[PDB]
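Raw contents of entry.cif, mmCIF, N, CA and C atoms:
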```cif
data_final
#
loop_
_atom_site.group_PDB
_atom_site.id
_atom_site.type_symbol
_atom_site.label_atom_id
_atom_site.label_comp_id
_atom_site.auth_asym_id
_atom_site.auth_seq_id
_atom_site.Cartn_x
_atom_site.Cartn_y
_atom_site.Cartn_z
ATOM 1 N N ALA A 1 7.418 -5.460 0.534
ATOM 2 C CA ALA A 1 7.440 -4.490 -0.590
ATOM 3 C C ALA A 1 6.339 -4.804 -1.620
ATOM 4 N N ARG A 2 5.907 -6.076 -1.668
ATOM 5 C CA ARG A 2 4.852 -6.540 -2.586
ATOM 6 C C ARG A 2 3.497 -6.579 -1.864
ATOM 7 N N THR A 3 2.657 -5.582 -2.169
ATOM 8 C CA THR A 3 1.323 -5.432 -1.581
ATOM 9 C C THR A 3 0.295 -6.265 -2.368
ATOM 10 N N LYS A 4 0.167 -7.544 -1.984
ATOM 11 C CA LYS A 4 -0.824 -8.461 -2.559
ATOM 12 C C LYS A 4 -2.029 -8.580 -1.625
ATOM 13 N N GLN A 5 -3.223 -8.436 -2.195
ATOM 14 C CA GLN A 5 -4.495 -8.631 -1.501
ATOM 15 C C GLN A 5 -5.307 -9.689 -2.255
ATOM 16 N N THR A 6 -5.949 -10.601 -1.516
ATOM 17 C CA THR A 6 -6.686 -11.735 -2.091
ATOM 18 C C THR A 6 -8.191 -11.433 -2.182
ATOM 19 N N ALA A 7 -8.832 -11.996 -3.221
ATOM 20 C CA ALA A 7 -10.279 -11.887 -3.456
ATOM 21 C C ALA A 7 -10.779 -13.126 -4.204
ATOM 22 N N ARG A 8 -11.994 -13.556 -3.866
ATOM 23 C CA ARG A 8 -12.636 -14.748 -4.437
ATOM 24 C C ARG A 8 -13.747 -14.296 -5.397
ATOM 25 N N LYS A 9 -13.775 -14.846 -6.623
ATOM 26 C CA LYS A 9 -14.808 -14.494 -7.606
ATOM 27 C C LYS A 9 -16.137 -15.180 -7.268
ATOM 28 N N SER A 10 -17.173 -14.342 -7.100
ATOM 29 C CA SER A 10 -18.539 -14.759 -6.795
ATOM 30 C C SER A 10 -19.183 -15.410 -8.030
ATOM 31 N N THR A 11 -18.921 -16.715 -8.189
ATOM 32 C CA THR A 11 -19.511 -17.533 -9.241
ATOM 33 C C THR A 11 -20.945 -17.908 -8.828
ATOM 34 N N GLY A 12 -21.892 -17.013 -9.151
ATOM 35 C CA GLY A 12 -23.275 -17.108 -8.677
ATOM 36 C C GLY A 12 -23.535 -16.147 -7.523
ATOM 37 N N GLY A 13 -24.564 -16.448 -6.711
ATOM 38 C CA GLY A 13 -24.961 -15.589 -5.594
ATOM 39 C C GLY A 13 -26.018 -16.276 -4.744
ATOM 40 N N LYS A 14 -25.660 -16.628 -3.493
ATOM 41 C CA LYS A 14 -26.550 -17.375 -2.583
ATOM 42 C C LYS A 14 -27.674 -16.457 -2.051
ATOM 43 N N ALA A 15 -28.785 -16.407 -2.800
ATOM 44 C CA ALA A 15 -30.002 -15.695 -2.405
ATOM 45 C C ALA A 15 -31.009 -16.722 -1.831
ATOM 46 N N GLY B 1 -11.607 -20.317 -7.903
ATOM 47 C CA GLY B 1 -10.252 -19.729 -7.862
ATOM 48 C C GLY B 1 -10.195 -18.478 -7.003
ATOM 49 N N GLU B 2 -9.168 -18.378 -6.145
ATOM 50 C CA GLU B 2 -8.904 -17.179 -5.336
ATOM 51 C C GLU B 2 -7.781 -16.385 -6.010
ATOM 52 N N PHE B 3 -8.133 -15.239 -6.596
ATOM 53 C CA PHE B 3 -7.216 -14.437 -7.419
ATOM 54 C C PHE B 3 -6.782 -13.172 -6.656
ATOM 55 N N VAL B 4 -5.543 -12.727 -6.913
ATOM 56 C CA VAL B 4 -4.976 -11.534 -6.286
ATOM 57 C C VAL B 4 -5.518 -10.262 -6.966
ATOM 58 N N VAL B 5 -6.194 -9.430 -6.164
ATOM 59 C CA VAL B 5 -6.649 -8.091 -6.564
ATOM 60 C C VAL B 5 -5.593 -7.047 -6.161
ATOM 61 N N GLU B 6 -5.341 -6.100 -7.073
ATOM 62 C CA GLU B 6 -4.399 -4.990 -6.856
ATOM 63 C C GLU B 6 -5.052 -3.873 -6.020
ATOM 64 N N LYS B 7 -6.255 -3.428 -6.463
ATOM 65 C CA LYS B 7 -6.943 -2.247 -5.892
ATOM 66 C C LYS B 7 -8.445 -2.244 -6.241
ATOM 67 N N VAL B 8 -9.198 -1.340 -5.591
ATOM 68 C CA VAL B 8 -10.616 -1.078 -5.905
ATOM 69 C C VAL B 8 -10.719 0.195 -6.769
ATOM 70 N N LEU B 9 -11.661 0.174 -7.723
ATOM 71 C CA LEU B 9 -11.942 1.296 -8.632
ATOM 72 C C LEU B 9 -13.290 1.973 -8.294
ATOM 73 N N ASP B 10 -14.323 1.165 -7.932
ATOM 74 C CA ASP B 10 -15.705 1.676 -7.703
ATOM 75 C C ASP B 10 -16.479 0.759 -6.725
ATOM 76 N N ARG B 11 -17.630 1.247 -6.211
ATOM 77 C CA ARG B 11 -18.507 0.519 -5.259
ATOM 78 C C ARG B 11 -19.995 0.800 -5.575
ATOM 79 N N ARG B 12 -20.852 -0.200 -5.296
ATOM 80 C CA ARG B 12 -22.323 -0.101 -5.399
ATOM 81 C C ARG B 12 -22.970 -1.087 -4.404
ATOM 82 N N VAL B 13 -24.310 -1.040 -4.292
ATOM 83 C CA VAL B 13 -25.095 -1.973 -3.458
ATOM 84 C C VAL B 13 -26.146 -2.692 -4.328
ATOM 85 N N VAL B 14 -26.003 -4.024 -4.446
ATOM 86 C CA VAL B 14 -26.941 -4.892 -5.177
ATOM 87 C C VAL B 14 -27.558 -5.916 -4.201
ATOM 88 N N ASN B 15 -28.905 -5.891 -4.094
ATOM 89 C CA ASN B 15 -29.711 -6.837 -3.276
ATOM 90 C C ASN B 15 -29.408 -6.708 -1.764
ATOM 91 N N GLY B 16 -28.906 -5.526 -1.363
ATOM 92 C CA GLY B 16 -28.521 -5.257 0.030
ATOM 93 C C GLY B 16 -27.036 -5.503 0.310
ATOM 94 N N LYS B 17 -26.404 -6.350 -0.520
ATOM 95 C CA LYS B 17 -24.961 -6.646 -0.453
ATOM 96 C C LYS B 17 -24.184 -5.533 -1.175
ATOM 97 N N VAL B 18 -22.902 -5.384 -0.820
ATOM 98 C CA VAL B 18 -22.044 -4.290 -1.313
ATOM 99 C C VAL B 18 -20.938 -4.871 -2.210
ATOM 100 N N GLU B 19 -20.974 -4.529 -3.509
ATOM 101 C CA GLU B 19 -20.020 -5.033 -4.512
ATOM 102 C C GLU B 19 -19.077 -3.921 -4.960
ATOM 103 N N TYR B 20 -17.786 -4.254 -5.020
ATOM 104 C CA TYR B 20 -16.721 -3.334 -5.417
ATOM 105 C C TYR B 20 -16.188 -3.724 -6.800
ATOM 106 N N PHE B 21 -16.128 -2.752 -7.722
ATOM 107 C CA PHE B 21 -15.516 -2.945 -9.039
ATOM 108 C C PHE B 21 -14.007 -2.898 -8.838
ATOM 109 N N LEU B 22 -13.363 -4.056 -8.960
ATOM 110 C CA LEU B 22 -11.950 -4.230 -8.626
ATOM 111 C C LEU B 22 -11.026 -3.792 -9.766
ATOM 112 N N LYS B 23 -9.736 -4.037 -9.546
ATOM 113 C CA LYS B 23 -8.687 -4.036 -10.564
ATOM 114 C C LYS B 23 -7.733 -5.147 -10.113
ATOM 115 N N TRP B 24 -7.648 -6.237 -10.883
ATOM 116 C CA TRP B 24 -6.872 -7.423 -10.490
ATOM 117 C C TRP B 24 -5.374 -7.219 -10.737
ATOM 118 N N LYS B 25 -4.566 -7.845 -9.873
ATOM 119 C CA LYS B 25 -3.108 -7.914 -10.018
ATOM 120 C C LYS B 25 -2.736 -9.098 -10.937
ATOM 121 N N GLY B 26 -3.511 -10.205 -10.820
ATOM 122 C CA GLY B 26 -3.294 -11.406 -11.641
ATOM 123 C C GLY B 26 -3.728 -11.231 -13.096
ATOM 124 N N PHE B 27 -4.732 -10.362 -13.315
ATOM 125 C CA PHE B 27 -5.362 -10.145 -14.642
ATOM 126 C C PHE B 27 -5.217 -8.682 -15.086
ATOM 127 N N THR B 28 -5.602 -8.408 -16.347
ATOM 128 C CA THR B 28 -5.506 -7.067 -16.944
ATOM 129 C C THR B 28 -6.542 -6.091 -16.321
ATOM 130 N N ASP B 29 -6.307 -4.774 -16.499
ATOM 131 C CA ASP B 29 -7.108 -3.706 -15.850
ATOM 132 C C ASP B 29 -8.542 -3.641 -16.402
ATOM 133 N N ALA B 30 -8.717 -4.075 -17.663
ATOM 134 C CA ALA B 30 -10.039 -4.135 -18.329
ATOM 135 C C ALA B 30 -10.782 -5.444 -17.981
ATOM 136 N N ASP B 31 -10.029 -6.455 -17.506
ATOM 137 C CA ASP B 31 -10.584 -7.773 -17.121
ATOM 138 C C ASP B 31 -11.144 -7.735 -15.676
ATOM 139 N N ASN B 32 -11.065 -6.540 -15.050
ATOM 140 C CA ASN B 32 -11.620 -6.264 -13.715
ATOM 141 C C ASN B 32 -13.133 -6.554 -13.627
ATOM 142 N N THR B 33 -13.567 -6.997 -12.437
ATOM 143 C CA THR B 33 -14.944 -7.463 -12.196
ATOM 144 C C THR B 33 -15.460 -7.006 -10.817
ATOM 145 N N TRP B 34 -16.796 -6.982 -10.684
ATOM 146 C CA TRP B 34 -17.495 -6.658 -9.431
ATOM 147 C C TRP B 34 -17.452 -7.848 -8.477
ATOM 148 N N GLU B 35 -16.788 -7.685 -7.327
ATOM 149 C CA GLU B 35 -16.758 -8.710 -6.279
ATOM 150 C C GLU B 35 -17.250 -8.104 -4.956
ATOM 151 N N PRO B 36 -18.196 -8.776 -4.239
ATOM 152 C CA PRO B 36 -18.736 -8.264 -2.965
ATOM 153 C C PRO B 36 -17.707 -8.333 -1.822
ATOM 154 N N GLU B 37 -17.891 -7.447 -0.823
ATOM 155 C CA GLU B 37 -17.043 -7.360 0.386
ATOM 156 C C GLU B 37 -16.970 -8.701 1.148
ATOM 157 N N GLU B 38 -18.039 -9.509 1.023
ATOM 158 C CA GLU B 38 -18.113 -10.843 1.637
ATOM 159 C C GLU B 38 -17.079 -11.813 1.003
ATOM 160 N N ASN B 39 -16.789 -11.619 -0.300
ATOM 161 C CA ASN B 39 -15.795 -12.420 -1.055
ATOM 162 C C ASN B 39 -14.412 -11.750 -1.058
ATOM 163 N N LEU B 40 -14.369 -10.441 -0.755
ATOM 164 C CA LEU B 40 -13.108 -9.694 -0.657
ATOM 165 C C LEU B 40 -12.420 -10.025 0.664
ATOM 166 N N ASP B 41 -11.165 -10.476 0.587
ATOM 167 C CA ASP B 41 -10.312 -10.659 1.771
ATOM 168 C C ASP B 41 -9.299 -9.497 1.840
ATOM 169 N N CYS B 42 -9.668 -8.365 1.205
ATOM 170 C CA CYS B 42 -8.849 -7.156 1.151
ATOM 171 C C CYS B 42 -9.516 -6.011 1.955
ATOM 172 N N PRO B 43 -9.214 -5.884 3.293
ATOM 173 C CA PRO B 43 -9.689 -4.744 4.122
ATOM 174 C C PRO B 43 -8.927 -3.445 3.798
ATOM 175 N N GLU B 44 -7.642 -3.623 3.444
ATOM 176 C CA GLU B 44 -6.719 -2.541 3.074
ATOM 177 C C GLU B 44 -7.268 -1.710 1.895
ATOM 178 N N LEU B 45 -7.681 -2.415 0.823
ATOM 179 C CA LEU B 45 -8.148 -1.783 -0.427
ATOM 180 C C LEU B 45 -9.507 -1.091 -0.237
ATOM 181 N N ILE B 46 -10.384 -1.707 0.579
ATOM 182 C CA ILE B 46 -11.715 -1.150 0.888
ATOM 183 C C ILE B 46 -11.577 0.169 1.672
ATOM 184 N N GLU B 47 -10.756 0.142 2.742
ATOM 185 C CA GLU B 47 -10.478 1.332 3.576
ATOM 186 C C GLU B 47 -9.892 2.469 2.721
ATOM 187 N N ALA B 48 -8.847 2.124 1.943
ATOM 188 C CA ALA B 48 -8.111 3.084 1.103
ATOM 189 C C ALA B 48 -9.033 3.740 0.054
ATOM 190 N N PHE B 49 -9.948 2.932 -0.506
ATOM 191 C CA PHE B 49 -10.946 3.385 -1.495
ATOM 192 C C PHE B 49 -11.928 4.418 -0.879
ATOM 193 N N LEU B 50 -12.384 4.145 0.355
ATOM 194 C CA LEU B 50 -13.313 5.035 1.089
ATOM 195 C C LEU B 50 -12.603 6.350 1.479
ATOM 196 N N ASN B 51 -11.300 6.230 1.804
ATOM 197 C CA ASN B 51 -10.409 7.375 2.104
ATOM 198 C C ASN B 51 -10.190 8.247 0.851
ATOM 199 N N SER B 52 -10.213 7.606 -0.338
ATOM 200 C CA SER B 52 -10.079 8.297 -1.636
ATOM 201 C C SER B 52 -11.334 9.147 -1.938
ATOM 202 N N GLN B 53 -12.515 8.600 -1.585
ATOM 203 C CA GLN B 53 -13.820 9.265 -1.806
ATOM 204 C C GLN B 53 -14.017 10.452 -0.851
ATOM 205 N N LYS B 54 -13.378 10.380 0.318
ATOM 206 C CA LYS B 54 -13.477 11.413 1.354
ATOM 207 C C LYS B 54 -12.144 12.210 1.415
#
```
Please express the file's structure as structure tokens.
Amino acid sequence: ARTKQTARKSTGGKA
Amino acid sequence: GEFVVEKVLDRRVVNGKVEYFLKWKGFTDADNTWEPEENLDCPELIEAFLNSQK
């Protein structure tokens, strides 16, 4: 019943 | 930190990568931030967002 989706915060950016 | 996102609000392409303007479940709706699909572990929200646009 609890629709949880996970995401990671992009602290920077590997260019 | 790996934080729980509720849903997607918007999408764009920066530097060839695709970033989605989220809406977090752990944080407030205004505290939402741009996170790329590579960092998103939410296929459900991405699909549903594209279905909303179409």
>> Counting all atoms listed in the file, which residue out of B:2, B:50, B:20, B:45 sits closest to residue 33 (chain B)?
In response: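 Selected residue with least distance to residue 33 (chain B): B:20.
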Interface, chain B side, toward chain A (5 Å; all atoms listed in the file) as a PDB file with N, CA and C atoms, in the coordinates of the input:
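Result written to iface_7.pdb:
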```pdb
ATOM      1  N   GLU B   2      -9.168 -18.378  -6.145  1.00  0.00           N
ATOM      2  CA  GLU B   2      -8.904 -17.179  -5.336  1.00  0.00           C
ATOM      3  C   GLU B   2      -7.781 -16.385  -6.010  1.00  0.00           C
ATOM      4  N   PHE B   3      -8.133 -15.239  -6.596  1.00  0.00           N
ATOM      5  CA  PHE B   3      -7.216 -14.437  -7.419  1.00  0.00           C
ATOM      6  C   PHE B   3      -6.782 -13.172  -6.656  1.00  0.00           C
ATOM      7  N   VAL B   4      -5.543 -12.727  -6.913  1.00  0.00           N
ATOM      8  CA  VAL B   4      -4.976 -11.534  -6.286  1.00  0.00           C
ATOM      9  C   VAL B   4      -5.518 -10.262  -6.966  1.00  0.00           C
ATOM     10  N   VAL B   5      -6.194  -9.430  -6.164  1.00  0.00           N
ATOM     11  CA  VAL B   5      -6.649  -8.091  -6.564  1.00  0.00           C
ATOM     12  C   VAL B   5      -5.593  -7.047  -6.161  1.00  0.00           C
ATOM     13  N   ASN B  39     -16.789 -11.619  -0.300  1.00  0.00           N
ATOM     14  CA  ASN B  39     -15.795 -12.420  -1.055  1.00  0.00           C
ATOM     15  C   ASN B  39     -14.412 -11.750  -1.058  1.00  0.00           C
ATOM     16  N   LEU B  40     -14.369 -10.441  -0.755  1.00  0.00           N
ATOM     17  CA  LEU B  40     -13.108  -9.694  -0.657  1.00  0.00           C
ATOM     18  C   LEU B  40     -12.420 -10.025   0.664  1.00  0.00           C
ATOM     19  N   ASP B  41     -11.165 -10.476   0.587  1.00  0.00           N
ATOM     20  CA  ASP B  41     -10.312 -10.659   1.771  1.00  0.00           C
ATOM     21  C   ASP B  41      -9.299  -9.497   1.840  1.00  0.00           C
ATOM     22  N   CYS B  42      -9.668  -8.365   1.205  1.00  0.00           N
ATOM     23  CA  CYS B  42      -8.849  -7.156   1.151  1.00  0.00           C
ATOM     24  C   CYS B  42      -9.516  -6.011   1.955  1.00  0.00           C
TER      25      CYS B  42
END
```
>> So the first atom is atom C of residue 47 (chain B) and the second is atom C of residue 14 (chain B); what is the distance between them in Å, to one decimal place?
In response: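 Taking atom C of residue 47 (chain B) and atom C of residue 14 (chain B), their separation equals 20.7 Å.
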> What does the distance from atom N of residue 48 (chain B) to atom N of residue 1 (chain B) come to in Å, to one decimal?
Replying inline: 24.7 Å
> For residue 51 (chain B), which of B:8, B:18, B:34, B:29 is the closest residue, counting only C-alpha atoms?
Replying inline: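 Comparing B:8, B:18, B:34, B:29 against residue 51 (chain B), the winner is B:8.
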> DSSP on the backbone: what in region 6-46 of chain B comes out helix (DSSP H, G or I), as a ChimeraX atom specification?
Replying inline: /B:43-46
> Which distance in Å separates CA of residue 6 (chain B) and atom N of residue 26 (chain B), to one decimal?
Replying inline: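 Going from CA of residue 6 (chain B) over to atom N of residue 26 (chain B), I get 6.6 Å.
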>> Just list as a VMD selection string whatever in chain A DSSP marks as strand (DSSP E).
In response: chain A and resid 5 to 8
>> Running the PyMOL selection byres ((chain B and resi 19) around 8) on this model by hand, what would come out? Give it as number ranges by chain.
In response: B: 10-14, 16-18, 20-22, 33-38
File of the preceding selection, N, CA and C atoms, as a short mmCIF file (atom, residue, chain, number, x, y, z; two decimals), keeping the file's coordinate frame:
```cif
data_model
loop_
_atom_site.label_atom_id
_atom_site.label_comp_id
_atom_site.auth_asym_id
_atom_site.auth_seq_id
_atom_site.Cartn_x
_atom_site.Cartn_y
_atom_site.Cartn_z
N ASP B 10 -14.32 1.16 -7.93
CA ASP B 10 -15.70 1.68 -7.70
C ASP B 10 -16.48 0.76 -6.72
N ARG B 11 -17.63 1.25 -6.21
CA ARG B 11 -18.51 0.52 -5.26
C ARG B 11 -20.00 0.80 -5.58
N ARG B 12 -20.85 -0.20 -5.30
CA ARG B 12 -22.32 -0.10 -5.40
C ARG B 12 -22.97 -1.09 -4.40
N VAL B 13 -24.31 -1.04 -4.29
CA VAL B 13 -25.10 -1.97 -3.46
C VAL B 13 -26.15 -2.69 -4.33
N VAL B 14 -26.00 -4.02 -4.45
CA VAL B 14 -26.94 -4.89 -5.18
C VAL B 14 -27.56 -5.92 -4.20
N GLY B 16 -28.91 -5.53 -1.36
CA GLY B 16 -28.52 -5.26 0.03
C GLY B 16 -27.04 -5.50 0.31
N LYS B 17 -26.40 -6.35 -0.52
CA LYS B 17 -24.96 -6.65 -0.45
C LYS B 17 -24.18 -5.53 -1.18
N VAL B 18 -22.90 -5.38 -0.82
CA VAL B 18 -22.04 -4.29 -1.31
C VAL B 18 -20.94 -4.87 -2.21
N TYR B 20 -17.79 -4.25 -5.02
CA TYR B 20 -16.72 -3.33 -5.42
C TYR B 20 -16.19 -3.72 -6.80
N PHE B 21 -16.13 -2.75 -7.72
CA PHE B 21 -15.52 -2.94 -9.04
C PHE B 21 -14.01 -2.90 -8.84
N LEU B 22 -13.36 -4.06 -8.96
CA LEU B 22 -11.95 -4.23 -8.63
C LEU B 22 -11.03 -3.79 -9.77
N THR B 33 -13.57 -7.00 -12.44
CA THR B 33 -14.94 -7.46 -12.20
C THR B 33 -15.46 -7.01 -10.82
N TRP B 34 -16.80 -6.98 -10.68
CA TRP B 34 -17.50 -6.66 -9.43
C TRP B 34 -17.45 -7.85 -8.48
N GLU B 35 -16.79 -7.68 -7.33
CA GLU B 35 -16.76 -8.71 -6.28
C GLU B 35 -17.25 -8.10 -4.96
N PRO B 36 -18.20 -8.78 -4.24
CA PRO B 36 -18.74 -8.26 -2.96
C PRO B 36 -17.71 -8.33 -1.82
N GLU B 37 -17.89 -7.45 -0.82
CA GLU B 37 -17.04 -7.36 0.39
C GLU B 37 -16.97 -8.70 1.15
N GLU B 38 -18.04 -9.51 1.02
CA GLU B 38 -18.11 -10.84 1.64
C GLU B 38 -17.08 -11.81 1.00
#
```
